[PDB]
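Taking it in order: structure first as structure tokens, then the write-up.
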Amino acid sequence: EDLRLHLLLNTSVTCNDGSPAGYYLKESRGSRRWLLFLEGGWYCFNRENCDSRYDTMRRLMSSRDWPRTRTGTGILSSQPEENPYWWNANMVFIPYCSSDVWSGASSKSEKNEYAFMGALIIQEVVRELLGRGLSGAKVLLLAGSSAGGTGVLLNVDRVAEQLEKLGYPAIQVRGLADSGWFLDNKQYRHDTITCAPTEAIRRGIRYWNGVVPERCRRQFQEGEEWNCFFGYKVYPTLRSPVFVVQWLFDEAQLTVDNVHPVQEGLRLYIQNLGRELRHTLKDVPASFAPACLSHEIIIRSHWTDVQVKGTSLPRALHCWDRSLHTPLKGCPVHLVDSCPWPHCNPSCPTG
Ligand SMILES: FC(F)(F)c1cc(-n2ccnn2)ccc1Cl
Ligand SMILES: *[C@@H]1O[C@H](CO)[C@@H](O)[C@H](O)[C@H]1NC(C)=O
Numbered sequence: 007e008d009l010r011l012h013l014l015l016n017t018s019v020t021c022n023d024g025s026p027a028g029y030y031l032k033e034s035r036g037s038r039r040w041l042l043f044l045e046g047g048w049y050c051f052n053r054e055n056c057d058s059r060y061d062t063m064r065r066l067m068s069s070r071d072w073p074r075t076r077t078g079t080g081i082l083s084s085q086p087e088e089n090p091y092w093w094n095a096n097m098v099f100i101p102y103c104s105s106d107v108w109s110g111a112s113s114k115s116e117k118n119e120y121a122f123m124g125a126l127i128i129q130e131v132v133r134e135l136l137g138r139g140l141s142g143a144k145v146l147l148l149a150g151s152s153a154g155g156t157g158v159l160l161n162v163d164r165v166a167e168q169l170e171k172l173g174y175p176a177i178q179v180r181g182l183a184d185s186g187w188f189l190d191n192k193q194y195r196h197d198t199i200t201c202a203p204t205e206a207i208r209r210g211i212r213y214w215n216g217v218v219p220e221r222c223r224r225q226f227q228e229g230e231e232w233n234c235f236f237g238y239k240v241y242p243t244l245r246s247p248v249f250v251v252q253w254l255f256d257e258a259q260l261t262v263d264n265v266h267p268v269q270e271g272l273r274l275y276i277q278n279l280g281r282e283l284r285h286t287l288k289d290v291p292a293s294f295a296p297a298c299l300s301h302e303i304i305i306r307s308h309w310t311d312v313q314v315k316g317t318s319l320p321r322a323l324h325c326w327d328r329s330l331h332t333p334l335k336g337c338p339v340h341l342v343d344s345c346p347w348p349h350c351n352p353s354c355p356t357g
């Protein structure tokens, strides 16, 4: 259990129920690389569906029952056999306890039953880590899976601005967004369960006092900031380098699309979803998008097994690092499958 819990010293920065937020840390004294990982786990967007989440997903809304340690897995592992990419880095796991896709800036108060502080949690973790060795870093990689991957897209440029304003312009801030690149597409068939993500995010932003990156906000303007939660719309507005990992047939995407022998209508729907996803990645130079039906990858212990065009994700990330020192021979960073059906790639996770 190699990462140790630290609750935030600023106890005004809280989980949904007012308990302090926090982070799990494993330092690597001989390293100037820092990996800050944002946990996922959907979201809630009104009193009734947040109350239900508090009953059966309470660790996603409160720190009162968190364990003192967590084991680092996948990209958070310190063993080179499990993590060829960054096994020697300083490792930070930030639990998701704000239910706001890491976008909120609202406290619990006489008018708010819950606090939605995801964007402030990230900034306060960064602030407190500067005193624990981050001040010496060369690279800060903000990574995340699922809602945490969307959280990377929403917060990577604000972390860069924070460090510049605090006096640390030499720390290179980068993002790694895993399974958080969603499409606001037409559902296959069309309350909490009946609310499409565009409408649920629109309501969430108001409930959370949600915030989005500045350039994206200026493009879409008031009332339309929900657009910035969709990767293909927010990514072109970002200045920090961001590596995008996305299954072409993501299970959470299919869930919001109301998809579960496949006949022609659904066959064409699935094939068109894969084609649309591949199209949105055409101009993303650092990306890894295998043709599999799955969800999340980078903190799985067997994350090294999947390959696109014969290149694994830890290798692609290493090639990305090299590229950030014109292309590299045999060290690709843009890896998007072209085959049109789940598991047409033989290295897909077996389940
Ligand atoms: F696809 C959606 F629904 F749009 C989407 C899905 C999530 N999600 C799923 C699991 N964890 N977070 C978050 C934001 C968005 Cl935008
Ligand atoms: C604590 O965090 C709050 C909320 O982000 C911030 O406004 C304030 O500057 C911090 N206060 C203290 C006492 O650290």
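Residue numbers (our numbering): 7 to 357. A virtual CB, placed ideally from N, CA and C, is assigned to each residue, including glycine.
Confirm, please, whether the CB-CB distance from residue j to residue i is below 8 Å.
| i | j | result |
| --- | --- | --- |
| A297 | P355 | no |
| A295 | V339 | no |
| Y29 | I100 | yes |
| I81 | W108 | no |
| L287 | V262 | no |
| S104 | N52 | no |
| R224 | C234 | no |
| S353 | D311 | yes |
| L147 | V98 | no |
| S151 | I276 | no |
| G280 | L254 | yes |
| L189 | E302 | no |
| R70 | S25 | yes |
| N96 | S58 | no |
| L14 | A27 | yes |
| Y241 | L159 | yes |
| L135 | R76 | no |
| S307 | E87 | no |
| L44 | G137 | no |
| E33 | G110 | no |
| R221 | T243 | yes |
Tell me, which residues are paired with residue i by DSSP?
| i | result |
| --- | --- |
| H12 | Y29 |
| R180 | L147 |
| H331 | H331 pairs with nothing; no bridge assigned. |
| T75 | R10 |
| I100 | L44 |
| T20 | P26 |
| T317 | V314 |
| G110 | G216 |
| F294 | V251, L341 |
| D256 | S300 |
| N351 | Looking at the DSSP assignment, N351 forms no beta bridge with any residue, so it has no partner. |
| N52 | Bridge partners of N52: none, in fact. |
| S115 | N118 |
| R39 | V145 |
Should residue i be listed as close to ligand 1, given that the test is whether its C-beta is under 7 Å from any heavy atom?
| i | result |
| --- | --- |
| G46 | yes |
| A153 | yes |
| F122 | no |
| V107 | yes |
| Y49 | yes |
| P203 | yes |
| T156 | yes |
| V265 | no |
| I207 | yes |
| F235 | yes |
| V262 | yes |
| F188 | yes |
Is it the case that the CB of residue i approaches a heavy atom of ligand 2 more closely than 7 Å?
| i | result |
| --- | --- |
| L126 | yes |
| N16 | yes |
| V165 | no |
| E130 | yes |
| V217 | no |
| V179 | no |
| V250 | no |
| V312 | no |
| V19 | yes |
Pull up the CB-CB distance for residue i and residue j, whole angstroms please, since I reckon it's below 8 Å.
| i | j | result |
| --- | --- | --- |
| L182 | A149 | 4 Å |
| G210 | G186 | Their Cβ separation, rounded to whole angstroms, is 15 Å, which puts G210 and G186 out of contact at 8 Å. |
| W232 | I207 | 4 Å |
| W92 | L11 | Contact doesn't hold; Cβ gap of about 21 Å is too wide. |
| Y49 | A153 | 6 Å |
| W309 | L319 | 6 Å |
| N278 | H196 | 16 Å between Cβ atoms; not a contact. |
Hey, would you say the C-beta of residue i is under 7 Å away from at least one heavy atom of ligand 3?
| i | result |
| --- | --- |
| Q259 | Ligand 3 is absent from the structure shown, which contains only ligand 1 and ligand 2. |
Three-pair Cβ contact test at 8 Å for the segment 331 to 346 versus the segment 111 to 130 | no
Hey, is the segment 199 to 219 in contact with the segment 152 to 167, meaning 3+ C-beta pairs nearer than 8 Å?
-> yes
Cβ contact (3+ pairs, closer than 8 Å) linking the segment 168 to 178 and the segment 134 to 143 | yes
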